[PDB]
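S.K.: Please find one structure pasted underneath; my questions will follow.
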Amino acid sequence: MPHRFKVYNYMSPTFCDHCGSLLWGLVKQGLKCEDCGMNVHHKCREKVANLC
Ligand SMILES: CCCCCCC(=O)OC[C@H](COP(=O)(O)OCC[N+](C)(C)C)OC(=O)CCCCCC
Ligand SMILES: CCCCCCC(=O)OC[C@H](COP(=O)(O)OCC[N+](C)(C)C)OC(=O)CCCCCC
Ligand SMILES: CCCCCCC(=O)OC[C@H](COP(=O)(O)OCC[N+](C)(C)C)OC(=O)CCCCCC
Ligand SMILES: [Zn+2]
Ligand SMILES: [Zn+2]
């Protein structure tokens with residue numbers, strides 16, 4: 001099933017579940033899936049399989 005990613009403000013350092021690199025920045029550092037909690041870079045979103 002597709003994910004439902006929504007922009008998220010990460011309060012502690014957090015790494016992208018797709019590529020492994022840090023979700024760097026002060027705010028809105030990436031996207032969190034509302035249904036499974038996966039965290040991704042904005043630009044990793046299209047690389048993620050529809051396996052929510
Ligand atoms: C030496 C690190 C160089 C890269 C800088 C990345 C960074 O600063 O944020 C990654 C936070 C920072 O850890 P913190 O210093 O904020 O404390 C959390 C550590 N622990 C989870 C064990 C309680 O670390 C983690 O939570 C887990 C990943 C640690 C290895 C990543 C290189
Ligand atoms: C905090 C100390 C740890 C240093 C960071 C370690 C690290 O993970 O570096 C790698 C990620 C790369 O993330 P990027 O935001 O460049 O994009 C990765 C996703 N995609 C390639 C698909 C677009 O890039 C960064 O995070 C570095 C900061 C980039 C700009 C800061 C002025
Ligand atoms: C004096 C103003 C400094 C200029 C920096 C721009 C800024 O205000 O912060 C913006 C970024 C978002 O990243 P940026 O908009 O700087 O670049 C995009 C990075 N990526 C395409 C990989 C997502 O949002 C953040 O939270 C990071 C804080 C700044 C780090 C970037 C150098
Ligand atoms: Zn999901
Ligand atoms: Zn990523």
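In the structure tokens, each chain is lettered A, B, ... as it comes, each chain's residues begin at 1, and ligands are numbered from 1 in order of appearance.
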Identify all residues of chain A in strand (DSSP E) (DSSP on the backbone) and supply them as number ranges by chain.
M.R.: A: 5-8, 30-33, 39-40
S.K.: Since we have the selection now, will you write its residues out, keeping N, CA and C atoms, as an mmCIF file, in the first residue's frame?
M.R.:
```cif
data_model
loop_
_atom_site.group_PDB
_atom_site.id
_atom_site.type_symbol
_atom_site.label_atom_id
_atom_site.label_comp_id
_atom_site.auth_asym_id
_atom_site.auth_seq_id
_atom_site.Cartn_x
_atom_site.Cartn_y
_atom_site.Cartn_z
ATOM 1 N N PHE A 5 3.157 10.207 3.385
ATOM 2 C CA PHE A 5 4.226 11.008 3.962
ATOM 3 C C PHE A 5 3.737 12.423 4.217
ATOM 4 N N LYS A 6 4.078 12.961 5.379
ATOM 5 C CA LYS A 6 3.782 14.352 5.669
ATOM 6 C C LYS A 6 5.004 14.984 6.326
ATOM 7 N N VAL A 7 5.258 16.253 5.982
ATOM 8 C CA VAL A 7 6.460 16.941 6.457
ATOM 9 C C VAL A 7 6.470 16.938 7.980
ATOM 10 N N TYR A 8 7.663 16.796 8.571
ATOM 11 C CA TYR A 8 7.786 16.608 10.007
ATOM 12 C C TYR A 8 8.927 17.470 10.521
ATOM 13 N N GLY A 30 12.392 16.408 6.927
ATOM 14 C CA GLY A 30 12.000 15.283 6.112
ATOM 15 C C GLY A 30 10.530 15.002 6.273
ATOM 16 N N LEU A 31 10.135 13.819 5.817
ATOM 17 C CA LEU A 31 8.735 13.392 5.795
ATOM 18 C C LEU A 31 8.568 12.150 6.660
ATOM 19 N N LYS A 32 7.510 12.127 7.470
ATOM 20 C CA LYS A 32 7.156 10.966 8.279
ATOM 21 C C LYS A 32 5.845 10.379 7.770
ATOM 22 N N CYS A 33 5.817 9.064 7.555
ATOM 23 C CA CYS A 33 4.582 8.447 7.085
ATOM 24 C C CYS A 33 3.577 8.412 8.225
ATOM 25 N N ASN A 39 10.595 7.492 8.118
ATOM 26 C CA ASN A 39 11.119 8.847 7.936
ATOM 27 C C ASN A 39 12.019 8.876 6.710
ATOM 28 N N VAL A 40 11.813 9.852 5.818
ATOM 29 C CA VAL A 40 12.598 9.952 4.586
ATOM 30 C C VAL A 40 12.929 11.406 4.281
#
```
S.K.: Using only C-alpha atoms and all ligand atoms, which of A:22, A:10, A:2, A:17 sits nearest ligand 1?
M.R.: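 Ranked by minimum distance to ligand 1, first place goes to A:22.
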S.K.: Would you mind telling me which residue in A:52, A:36, A:16, A:27 lies nearest to ligand 2 when using only C-alpha atoms and all ligand atoms?
M.R.: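 Looking only at the distances to ligand 2, the closest residue turns out to be A:16.
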S.K.: Give one line per residue of chain A that approaches ligand 1 to at most 9 Å, naming the two atoms of the closest pair and their distance in Å to one decimal, counting only C-alpha atoms and all ligand atoms; sort by chain then ascending residue number and deliver it as a Markdown table.
M.R.:
```
| residue | atom | partner | partner_atom_place_in_ligand_line | distance |
| --- | --- | --- | --- | --- |
| A:12 | CA | ligand 1 | 16 (O) | 6.6 |
| A:13 | CA | ligand 1 | 9 (O) | 4.7 |
| A:14 | CA | ligand 1 | 10 (C) | 6.7 |
| A:15 | CA | ligand 1 | 10 (C) | 7.7 |
| A:21 | CA | ligand 1 | 31 (C) | 8.6 |
| A:22 | CA | ligand 1 | 6 (C) | 6.8 |
| A:24 | CA | ligand 1 | 9 (O) | 8.8 |
```
S.K.: For the residues in that selection, give me N, CA, C and O atoms as a PDB file, in the first residue's frame.
M.R.:
```pdb
ATOM      1  N   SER A  12      15.064  15.645  17.566  1.00  0.00           N
ATOM      2  CA  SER A  12      16.326  14.983  17.852  1.00  0.00           C
ATOM      3  C   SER A  12      16.914  14.502  16.534  1.00  0.00           C
ATOM      4  O   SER A  12      16.181  14.315  15.556  1.00  0.00           O
ATOM      5  N   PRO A  13      18.230  14.294  16.460  1.00  0.00           N
ATOM      6  CA  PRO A  13      18.826  13.860  15.185  1.00  0.00           C
ATOM      7  C   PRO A  13      18.278  12.510  14.729  1.00  0.00           C
ATOM      8  O   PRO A  13      18.214  11.550  15.498  1.00  0.00           O
ATOM      9  N   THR A  14      17.854  12.458  13.466  1.00  0.00           N
ATOM     10  CA  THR A  14      17.105  11.329  12.935  1.00  0.00           C
ATOM     11  C   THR A  14      17.611  11.038  11.531  1.00  0.00           C
ATOM     12  O   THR A  14      17.951  11.962  10.792  1.00  0.00           O
ATOM     13  N   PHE A  15      17.667   9.756  11.168  1.00  0.00           N
ATOM     14  CA  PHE A  15      18.247   9.353   9.895  1.00  0.00           C
ATOM     15  C   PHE A  15      17.183   8.820   8.946  1.00  0.00           C
ATOM     16  O   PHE A  15      16.168   8.262   9.366  1.00  0.00           O
ATOM     17  N   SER A  21      21.195   8.532   5.523  1.00  0.00           N
ATOM     18  CA  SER A  21      21.871   9.784   5.846  1.00  0.00           C
ATOM     19  C   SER A  21      20.995  10.613   6.768  1.00  0.00           C
ATOM     20  O   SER A  21      19.790  10.404   6.862  1.00  0.00           O
ATOM     21  N   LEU A  22      21.628  11.564   7.449  1.00  0.00           N
ATOM     22  CA  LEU A  22      20.933  12.401   8.415  1.00  0.00           C
ATOM     23  C   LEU A  22      19.876  13.276   7.746  1.00  0.00           C
ATOM     24  O   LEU A  22      20.065  13.792   6.639  1.00  0.00           O
ATOM     25  N   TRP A  24      19.080  16.378   8.053  1.00  0.00           N
ATOM     26  CA  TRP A  24      19.702  17.573   8.592  1.00  0.00           C
ATOM     27  C   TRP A  24      18.778  18.780   8.438  1.00  0.00           C
ATOM     28  O   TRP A  24      17.805  18.760   7.683  1.00  0.00           O
TER      29      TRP A  24
END
```
S.K.: Ranking A:25, A:18, A:37, A:11 by minimum distance to residue 49 of chain A and counting only C-alpha atoms, which one comes first?
M.R.: A:18
S.K.: By how many Å are atom 2 (C, counted along the ligand's line) of ligand 2 and atom CA of residue 19 of chain A apart?
M.R.: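 Between these atoms lies a distance of 15.9 Å.
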S.K.: Counting only C-alpha atoms and all ligand atoms, which residue out of A:48, A:43, A:29, A:34 sits closest to ligand 4?
M.R.: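 Of all the options, A:34 lies closest to ligand 4.
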S.K.: Would you mind reading off the distance between atom 29 (C, counted along the ligand's line) of ligand 3 and atom CA of residue 26 of chain A, one decimal, in Å?
M.R.: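 So the answer is 6.8 Å.
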S.K.: What is the distance between atom CA of residue 46 of chain A and atom 12 (C, counted along the ligand's line) of ligand 2, in Å to one decimal?
M.R.: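 One can read the atom CA of residue 46 of chain A to atom 12 (C, counted along the ligand's line) of ligand 2 distance as 16.1 Å.
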S.K.: Just list the residues in chain A DSSP gives helix (DSSP H, G or I) on the backbone, as a ChimeraX atom specification.
M.R.: /A:42-47
